[PDB]
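Position one of the sequence shown corresponds to residue 27 (the entry's author numbering), numbered consecutively onward.
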Amino acid sequence: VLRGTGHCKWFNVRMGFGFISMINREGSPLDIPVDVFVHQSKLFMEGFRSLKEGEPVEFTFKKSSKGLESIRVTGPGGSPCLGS
Numbered sequence: 027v028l029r030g031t032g033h034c035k036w037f038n039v040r041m042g043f044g045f046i047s048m049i050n051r052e053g054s055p056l057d058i059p060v061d062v063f064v065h066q067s068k069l070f071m072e073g074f075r076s077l078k079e080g081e082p083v084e085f086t087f088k089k090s091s092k093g094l095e096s097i098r099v100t101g102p103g104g105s106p107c108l109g110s
């Protein structure tokens, strides 16, 4: 279980998932961003779960055979995500 921070790259509510651009990993700025998969079920917020393109996020994630995958995604300071 690693942590990172960055921003929603895209999120498609019809698909129920999207990607986060990670720009900081384990507390270190990255020289090139790396994307992280995010499914609606992992979004920390009340009511309908989505992300808005560009919204800033903090998250835990893991490695898998299908790229990096988020475990739990919040807005800044662990606050709820905003969504679209």
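Ideal placement from N, C-alpha and C gives every residue a C-beta, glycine not left out.
Secondary structure note for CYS34: its beta strand (DSSP E) is the uninterrupted segment 28-38. Pairing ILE49 with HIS33, the inter-Cα distance amounts to about 8 Å. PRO102 carries a helical assignment under DSSP once its states are collapsed to helix, strand and coil.
Ranked by Cα distance from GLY42, the options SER67, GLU81, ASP61 are led by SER67.
Between the stretch 70-80 and the stretch 51-58 there are fewer than three inter-stretch CB-CB distances shorter than 8 Å, so the stretches are not counted as touching.
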